[PDB]
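*Asks:*
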Amino acid sequence: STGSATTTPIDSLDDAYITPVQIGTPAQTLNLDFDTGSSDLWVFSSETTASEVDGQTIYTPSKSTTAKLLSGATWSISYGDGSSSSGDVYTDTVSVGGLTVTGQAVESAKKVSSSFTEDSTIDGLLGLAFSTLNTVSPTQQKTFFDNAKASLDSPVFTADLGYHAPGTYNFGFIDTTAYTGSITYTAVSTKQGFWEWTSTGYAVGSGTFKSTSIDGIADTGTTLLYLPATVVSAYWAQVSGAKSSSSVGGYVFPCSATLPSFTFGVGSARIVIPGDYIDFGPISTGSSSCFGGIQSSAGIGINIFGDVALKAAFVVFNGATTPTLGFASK
Ligand SMILES: CSc1[nH]nc(N)c1S(=O)(=O)C(C)C
Numbered sequence: 070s071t072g073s074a075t076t077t078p079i080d081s082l083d084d085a086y087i088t089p090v091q092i093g094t095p096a097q098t099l100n101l102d103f104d105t106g107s108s109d110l111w112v113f114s115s116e117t118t119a120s121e122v123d124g125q126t127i128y129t130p131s132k133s134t135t136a137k138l139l140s141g142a143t144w145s146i147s148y149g150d151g152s153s154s155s156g157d158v159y160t161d162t163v164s165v166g167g168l169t170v171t172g173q174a175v176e177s178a179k180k181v182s183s184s185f186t187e188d189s190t191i192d193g194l195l196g197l198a199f200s201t202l203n204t205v206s207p208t209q210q211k212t213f214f215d216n217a218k219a220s221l222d223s224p225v226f227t228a229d230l231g232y233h234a235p236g237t238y239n240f241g242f243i244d245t246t247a248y249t250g251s252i253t254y255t256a257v258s259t260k261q262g263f264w265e266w267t268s269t270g271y272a273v274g275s276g277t278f279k280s281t282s283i284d285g286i287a288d289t290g291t292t293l294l295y296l297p298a299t300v301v302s303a304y305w306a307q308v309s310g311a312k313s314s315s316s317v318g319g320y321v322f323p324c325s326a327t328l329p330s331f332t333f334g335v336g337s338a339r340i341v342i343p344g345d346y347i348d349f350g351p352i353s354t355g356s357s358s359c360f361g362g363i364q365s366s367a368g369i370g371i372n373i374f375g376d377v378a379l380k381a382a383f384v385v386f387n388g389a390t391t392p393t394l395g396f397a398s399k
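All residue numbers for the sequence shown refer to mature numbering (1 follows the signal peptide of the UniProt record, and there is no 0), where the first residue is 70 and numbers rise by one.
Dropping the structure here:
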């Protein structure tokens, strides 16, 4: 089997991407944030505290003839941005882009933090990291991908995120029309539960490439590119007037600037992030100070190749017995 679904930016900045997902019988379609940095599929639901729902579409398990309470199971997750959610668990039929999994754990939110409430466009998350990170207790549950894997034509999924445009998540096949040149594959460590890999270095604009190992995670659920302070300082030093602002919470730059590109290494290959991809617009409406798309990972404890990086590439998440990651230009 295979699946193919379009993923769409939630706003004009590509803060996140939503992908329609069918849950239950008859289908209830919710727009979920596919997150390769976590491993829970959770949804706004009929059980979510009413004051914490503000425009989201909810899953109502009582209206699904295939929903079953997973008795005794609870979940609770905290994300890198400080947001969180928790609740109980049902199993139900879940389909993405034509690919169907029966008995998928669907984690029903009883509580969500303010950031989730305030984002009317995201109805929940679909985790695509390794199932060892799944938070369901006392019986850990598998991700949608892990459940689907054996039925897929090939044990892979791909992320093809758009810049200010829709893109695609494919399951079970590699669309050879969706990228240019060749795909370069690189080793993955699953030791922390992430799609963790090591970039071979970077360049800023038309500058020389610096060969240096940068260990980080491929994370579709993080908006920006978070890298070591040395790398980030070298980037922003090429933008007149750019500075790190503790009050704003990162690097800002004059909105009048033209940003340089940023290149990262994948083995001997190179992925180029255009300057425009690094512009996250005015810090507040009407401001002439703009927020940068490359930020320091110091304090986070891990480097994160978030959407800013991933949307510059066609990315293969290879879930073979020894997982690997592939990157192509597009
Ligand atoms: C990607 S977060 C962001 N992008 N553009 C902004 N203005 C913001 S913010 O959250 O208001 C803050 C970090 C400046």
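C-beta: ideal position from N, C-alpha, C; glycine also.
Rank 162, 349, 128 and 175 by C-alpha distance to the C-alpha of residue 135 and give the top, closest one.
*Replies:* The shortest Cα separation from residue 135 among 162, 349, 128 and 175 belongs to 162.
*Asks:* What does a CB cutoff of less than 7 Å around residue 179 pick up in its chain, not counting 5 residues either side in sequence?
*Replies:* Excluding residues within five positions, the ones whose Cβ falls inside 7 Å are 116, 117, 118, 155, 156 and 157.
*Asks:* Span of the beta strand (DSSP E) holding residue 159?
*Replies:* Unbroken beta strand (DSSP E) run through residue 159: 153-165.
*Asks:* Against chain C, with Cβ distances strictly below 8 Å, would residue 70 count as a contact?
*Replies:* The displayed structure is made up of one protein chain only, and chain C is not part of it.
*Asks:* Return the residue from the list 298, 340, 93 and 105 that minimises the CA-CA distance to residue 195.
*Replies:* Minimum Cα distance to residue 195 is reached at 105.
*Asks:* Residue 294: buried (16+ other C-beta within 10 angstroms of its C-beta) or exposed?
*Replies:* Classification for residue 294: buried.
*Asks:* Any contact of the segment 226-245 with the segment 125-134, i.e. 3+ C-beta pairs under 8 Å?
*Replies:* No, the segment 226-245 does not touch the segment 125-134.
*Asks:* With a CB to CB cut of under 7 Å and the five nearest residues on each side skipped, what residues in its chain are close to residue 99?
*Replies:* Excluding positions up to five away in sequence, the list reads 90, 92, 112, 126, 128, 192 and 193.
*Asks:* At a threshold of 7 Å, does residue 351 count as lining ligand 1 (C-beta to nearest heavy atom)?
*Replies:* True, at least one ligand heavy atom lies under 7 Å from that Cβ.
*Asks:* Using the C-alpha atoms, what's the distance from residue 262 back to residue 312?
*Replies:* Going by the C-alpha atoms only, they are around 34 Å apart.
*Asks:* Indicate the three-state DSSP secondary structure (helix, strand or coil) for residue 116 in the structure shown.
*Replies:* Coil at residue 116, not helix or strand.
*Asks:* Taking the alpha carbon of residue 164 as the point to measure from, which residue in 209, 238 and 184 has its own alpha carbon closest?
*Replies:* Comparing Cα positions, the closest option is 238.
*Asks:* Among 274, 373, 317 and 202, whose alpha-carbon lies nearest the alpha-carbon of residue 286?
*Replies:* Minimum Cα distance to residue 286 is reached at 373.
*Asks:* Whole-angstrom Cβ separation of residue 299 and residue 282, contact assumed at under 8 Å?
*Replies:* Not really, about 13 Å apart at Cβ, beyond 8 Å.
*Asks:* Taking the runs of the beta strand (DSSP E) that are 3 residues or longer, which of them lie wholly in the segment 217-263?
*Replies:* The qualifying runs are 225-229, 236-240 and 253-256.
*Asks:* Using alpha carbons as the reference points, say which of 292, 96 and 245 lies closest to residue 170.
*Replies:* Looking at the Cα atoms, 96 is the closest of the given residues.
*Asks:* Relative to the alpha-carbon of residue 393, which residue among 302, 252 and 380 has its alpha-carbon at the smallest distance?
*Replies:* Selected option, being the one with the closest Cα: 252.
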